[PDB]
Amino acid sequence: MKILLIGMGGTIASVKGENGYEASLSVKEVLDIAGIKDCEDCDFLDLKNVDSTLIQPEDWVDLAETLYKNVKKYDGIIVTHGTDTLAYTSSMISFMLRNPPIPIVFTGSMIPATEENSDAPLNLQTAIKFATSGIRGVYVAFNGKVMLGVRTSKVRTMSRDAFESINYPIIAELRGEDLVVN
């Protein structure tokens, strides 16, 4: 029932202006604009609002501490993140939060949630479905697939199918409203 969404920024939350500025949506605003209206009993925490290319190892320490202080309070946690370093973060958090009590699911999107053809809604709904599965650990949700976080790599730079599980089976895959684990 109870999910925490933690925002780190990234393309999913990006908003650019004709006058050249670049702004960012809080994680609650991302979900709203993505049209996710059935995420009830969800809390929101904005940890960062950065292009993930800026991420440094200090950010992993801060994220891990924040995760540690929430894993007992929620049944699942979702972290929205830019795709450029998403797999470094999911990998480091896997080593830092050794075997957590709940699913922690990193996700993002190749197209800002503000665009009408965005992959944000699919990725958020996949993450939300898995964060309720009772399957503990650190994962990445992307393009309808759930992948072990410490086995995930960004494989494409300009395609919706940006991430793959390398040398390890995909954990679950979306078919309709159902995550299938085999």
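Residue positions are given as counts along the sequence shown, with the first one as 1. What we label the rigid core is the largest C-alpha set whose atoms superpose within 1.5 Å from one form to the other.
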{"property": "Outlying stretch relative to shown form, 33 to 41 versus 66 to 74 in 4 other deposited structures of this protein, C-alpha RMS (core)", "result": "33 to 41"}
{"property": "Between stretches 151 to 159 and 23 to 31, more displaced by Cα RMS in 4 other deposited structures of this protein (rigid core superposition)", "result": "23 to 31"}
{"property": "Of 143 to 151 and 31 to 39, the stretch whose C-alpha atoms average the higher B-factor in the entry", "result": "31 to 39"}
{"property": "Segment of higher mean CA temperature factor, 45 to 53 or 112 to 120", "result": "112 to 120"}
{"property": "Candidate residues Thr132, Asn70, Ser26, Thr126, the one whose C-alpha B factor the record puts highest", "result": "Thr132"}
{"property": "Chain third (lowest, middle, highest) by recorded CA B-factor, residue given as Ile78", "result": "middle"}
{"property": "Third assignment of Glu173 from its chain's C-alpha B-factors", "result": "highest"}
{"property": "Chain thirds of CA B-factor: placement of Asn19", "result": "highest"}
{"property": "Cα B factor band for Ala13 (lowest, middle or highest third within the chain)", "result": "middle"}
